[PDB]
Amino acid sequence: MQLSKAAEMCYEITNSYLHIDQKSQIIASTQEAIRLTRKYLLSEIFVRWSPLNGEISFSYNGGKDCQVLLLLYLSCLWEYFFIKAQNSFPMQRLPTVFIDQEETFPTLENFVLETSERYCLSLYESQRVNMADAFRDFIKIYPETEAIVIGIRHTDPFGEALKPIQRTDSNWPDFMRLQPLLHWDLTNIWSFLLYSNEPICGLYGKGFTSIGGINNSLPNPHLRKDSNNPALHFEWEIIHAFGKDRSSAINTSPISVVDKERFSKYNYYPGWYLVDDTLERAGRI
């Protein structure tokens, strides 16, 4: 859809989530994570750089984390338009960067393309090694790029020293890292993404909890059905998902035939049956 419509839609979704009045530590926690992310964007980021004209590019790889961020970002883009009108919708696409690699799952590539069309992203896609170099090439093509939005957060307990607004290290080309999802935990991610009713990468439906490349990521061994029985913690969000109101259906994207072959050897609960952040990357490495 056109960008103004995507932005207004995401605004309604986020607003609707913020109006959930349920007994729930998860919901209340996620409402707080939403408010902080939106405060970073509206109060610290969009005040300093334009989210429309190319000063900022959004790094998007179709994963759950940058998808949640993209929905929040679009919600803030809607609000930004009115704030700037108040202090003084364009027909265009949102500048976005996707690094495509040889080991990228086709299912994910397809999801990136489809959601680029849904959210009206103007996609730069690299030609299918090291991410630092991929971005160095990007910045050389688009030197006006001042900042890049990154859906990074803490997914193991180890010290990382990340900040919401942070310069790249000297290894990397110079631009500002914008990392407003940093305080989200795994339960917040699933609660919001399932509530949104937006389509999500079909790999999560097959037991992935973290998506890498074909060779470095698998369904989460802790979701293997014959040896684990996790409870569903997001039933309310699923049943009452935005605009849904078949209540129990989850909007997963199609698995590419090649990936279906690759996964035939796999007996796994969907990713949203994992809430233990310590175990999020267990299917990786």
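In case it trips you up, residue 1 is the first one in the sequence shown, and so on.
Gap between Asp226 and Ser227: none; every deposited residue in this span has coordinates. Going from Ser88 to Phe89, you skip over 4 to 9 residues of the deposited sequence that the entry leaves unmodelled. Legend: mean Cα B-factor per stretch from the PDB entry, 247 to 255 versus 38 to 46; the higher mean is in 247 to 255. The stretch with the higher mean CA B factor, choosing between 230 to 238 and 55 to 63, is 230 to 238. Annotation for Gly212, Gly151, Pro164, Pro199: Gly212 ranks highest, by Cα B-factor. Across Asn130, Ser191, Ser116, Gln92, the entry's maximum B-factor at the CA atom is seen for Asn130. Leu3: CA B factor lies in the middle third for its chain, per the PDB record. For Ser16, the recorded CA temperature factor ranks within the middle third of the chain's modelled residues. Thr30 sits in the lowest third of its chain by CA B factor, as recorded in the PDB entry. Annotation for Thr107: C-alpha temperature factor in the middle third relative to the rest of the modelled chain, per the entry. Sort the chain's modelled residues by C-alpha temperature factor and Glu146 lands in the lowest third, per the entry.
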